[PDB]
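Read in the entry's author numbering, the sequence shown has 97 at position 97, and its numbers run on one by one without any break.
Everything on this sheet refers to the single structure shown next.
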Amino acid sequence: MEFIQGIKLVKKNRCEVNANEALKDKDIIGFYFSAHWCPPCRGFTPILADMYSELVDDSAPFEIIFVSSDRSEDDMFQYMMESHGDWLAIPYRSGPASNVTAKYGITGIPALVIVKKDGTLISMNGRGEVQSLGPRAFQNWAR
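Structure follows, in structure tokens:
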């Protein structure tokens with residue numbers, strides 16, 4: 001009985017909500033790790049933004065979790081509003097976000113983890129997988 005549910009997330013609009021309902025998803029969820037906001041690493045973002053953008057247009061049957069040294073409230077909301085992930089971002093001060101990364105055994109950043117809303121595993125480092133299959137990856141990410 002240990003999960004993020006129960007905490008409050010921050011909306012790119014500098015707002016706050018209960019990740020419980022804010023995380024919507026109710027279908028699939030994808031955790032993204034790469035605070036590439038402070039350091040360089042452009043080129044990959046516009047890829048996921050085009051993927052979540054398409055899926056989003058289709059009501060993207062999944063939500064993107066905002067993780068990674070995003071301690072930047074400006075670079076956090078900016079990147080989120082820049083076209084990256086169309087949902088919420090766990091306030092770096094949301095322990096559950098750390099234990100989450102450390103719980104999933106990530107730390108392989110940059111990397112993208114995909115899990116089912118119910119908490120089912122599908123594809124972890126499916127990064128290149130999604131970027132490879134693009135918006136059509138929804139099958140592998142939702143296989």
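No residue lacks a Cβ here, since even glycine has one placed at the ideal position from N, Cα and C.
| Query | Result |
| --- | --- |
| Between the Cα of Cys41 and the Cα atoms of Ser94, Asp50, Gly105, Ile109, which residue gives the shortest distance? | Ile109 |
| Just to confirm before moving on: does the CB-CB distance between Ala111 and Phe44 stay below 9 Å? | no |
| Would you check if the region 111-120 and the region 81-92 touch, i.e. whether three or more CB-CB distances between them fall below 8 Å? | no |
| Please report the residue range of the alpha helix (DSSP H) in which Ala49 lies. | 45-57 |
| Is it true that the CB of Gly126 sits closer than 9 Å to the CB of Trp141? | yes |
| At which residues does the beta strand (DSSP E) containing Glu16 begin and terminate? | 15-18 |
| Pull up the distance between the alpha-carbon of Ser98 and that of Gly105, whole angstroms please. | 11 Å |
| Can you give the beta carbon distance from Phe66 to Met80, rounded, assuming they're within the 8 Å contact cut? | 6 Å |
| For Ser59, which of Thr101, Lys26, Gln5, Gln131 has the nearest alpha-carbon? | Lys26 |
| Give the range of the beta strand (DSSP E) segment to which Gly105 is assigned. | No beta strand (DSSP E) contains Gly105, which DSSP labels as neither H nor E. |
| Rank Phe31, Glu16, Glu2, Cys15 by C-alpha distance to the C-alpha of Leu121 and give the top, closest one. | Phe31 |
| Apart from the five residues on each side of it in sequence, which residues of its chain come closer than 7 Å, Cβ to Cβ, to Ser83? | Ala49, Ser53 |
| Measuring CA to CA, which of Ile4, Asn13, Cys38 is closest to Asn20? | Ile4 |
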